[PDB]
Amino acid sequence: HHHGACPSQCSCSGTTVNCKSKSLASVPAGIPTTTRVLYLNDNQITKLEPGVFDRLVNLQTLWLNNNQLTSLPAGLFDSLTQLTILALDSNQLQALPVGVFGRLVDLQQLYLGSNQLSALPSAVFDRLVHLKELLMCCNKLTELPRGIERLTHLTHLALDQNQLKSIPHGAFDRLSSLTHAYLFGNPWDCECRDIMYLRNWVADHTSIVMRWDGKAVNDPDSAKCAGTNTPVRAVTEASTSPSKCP
Ligand SMILES: [Cl-]
């Protein structure tokens, strides 16, 4: 290199900075402002300093997955207006701050799977008008996050392996571009008449309901009534009650 630009412990080509799997405990200093792709995944990063990405206005892809993050500072991504892919999966995130994605108006893919999220700010997805993939398996969600119902460009939505018991009426009706919907691994409450929306939705969308074995597997029987092998799509009206709702 007839000129510097690559942090210690990373490898760089073009506008890519690759610090993946480098045994890092923190974000390296001196990442160039011209960087478009930043790999910080598969490290031991436990916190991100407020402002650490403020300079990186040209970032299109940011991989922070497979670290040890438990929270994000407010405003962390506010500079990243060009960002189209953000991966935060396989961390220990217990909350998201208000407005954390508010400036990411060009975002297309958001990975939040394998964290400890139990609830989310109500407007957390509201500015993500172009979003195509929202992957949130393997958290602690007990209700469908408000806002997903308005993400009309979604092709991929993963909600599997949470603690969801039902889907609010009509919640998926605007999501007419879905090709992959992951719903398995939730304790769907088939006692409650509220399940009939999900029952009918799966019945009407059997080709897009998926499970995951390393790749997508079409299986509309994979959304099951809690504790049983009974598919939610097979639930009868007669078997539900307008008052076993939790
Ligand atoms: Cl996921």
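Sequential numbering of the sequence shown, starting at 17, is according to the entry's author numbering. Built from N, CA and C at the ideal position, the CB exists for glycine as well.
For residue i, which residues of its own chain have a beta-carbon under 6 Å away from its beta-carbon, when the five flanking residues on both sides are left out?
| i | result |
| --- | --- |
| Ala-197 | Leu-173, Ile-224, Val-225 |
| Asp-70 | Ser-95 |
| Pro-48 | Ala-21 |
| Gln-125 | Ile-101, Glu-149 |
| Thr-32 | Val-53 |
| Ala-219 | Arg-249 |
| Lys-260 | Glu-207, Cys-208 |
| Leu-214 | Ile-183, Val-248 |
| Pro-258 | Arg-209 |
| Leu-191 | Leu-170 |
In terms of DSSP beta bridges, what is residue i paired with?
| i | result |
| --- | --- |
| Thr-32 | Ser-29, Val-53 |
| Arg-227 | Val-233 |
| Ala-21 | BP columns for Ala-21 are empty, so no partner. |
| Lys-240 | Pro-247 |
| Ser-192 | Looking at the DSSP assignment, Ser-192 forms no beta bridge with any residue, so it has no partner. |
| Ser-255 | Paired residue(s): none; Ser-255 is not in a bridge. |
| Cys-208 | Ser-257 |
Would you kindly report the start and end of the unbroken alpha helix (DSSP H) that includes residue i?
| i | result |
| --- | --- |
| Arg-215 | 212–220 |
Residues in its own chain within less than 8 Å of residue i by CB, not counting five upstream and five downstream?
| i | result |
| --- | --- |
| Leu-194 | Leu-170, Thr-171, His-172, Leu-173, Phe-188, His-221, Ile-224 |
| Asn-107 | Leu-80, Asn-81, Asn-82, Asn-83, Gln-84, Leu-85, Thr-86, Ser-130, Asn-131 |
| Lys-36 | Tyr-55, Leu-56, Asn-57, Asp-58, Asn-59, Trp-79 |
| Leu-160 | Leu-175, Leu-180, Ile-183, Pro-184, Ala-187 |
| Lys-156 | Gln-132, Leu-133, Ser-134, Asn-178, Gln-179 |
| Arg-143 | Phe-117, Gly-118, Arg-119, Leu-120, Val-121 |
| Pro-203 | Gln-179, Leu-180, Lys-181, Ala-242, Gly-243 |
| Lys-240 | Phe-200, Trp-204, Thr-246, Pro-247, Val-248 |
Which first and last residues belong to the beta strand (DSSP E) in which residue i is found?
| i | result |
| --- | --- |
| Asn-234 | 232–234 |
| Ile-101 | 101–103 |
| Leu-170 | No beta strand (DSSP E) contains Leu-170, which DSSP labels as neither H nor E. |
| residue 309 | With the chain represented from 17 up to 262, any question about residue 309 goes unanswered, as that position is not in the structure. |
| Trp-79 | 77–79 |
| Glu-149 | 149–151 |
Leaving out five residues on either side along the sequence, give the residues of the same chain with a beta carbon under 7 Å from the beta carbon of residue i.
| i | result |
| --- | --- |
| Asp-205 | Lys-181, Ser-182, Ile-211, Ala-242, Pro-262 |
| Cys-154 | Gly-129, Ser-130, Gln-177 |
**Prompt:** Listed by chain order, which residues have C-beta atoms less than 5 Å from any heavy atom of ligand 1?
**Reply:** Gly-129, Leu-151, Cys-153, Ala-174
**Prompt:** Hey, which unbroken runs of the beta strand (DSSP E) at 3 residues or more fall wholly within the region 83–141?
**Reply:** 101–103, 125–127
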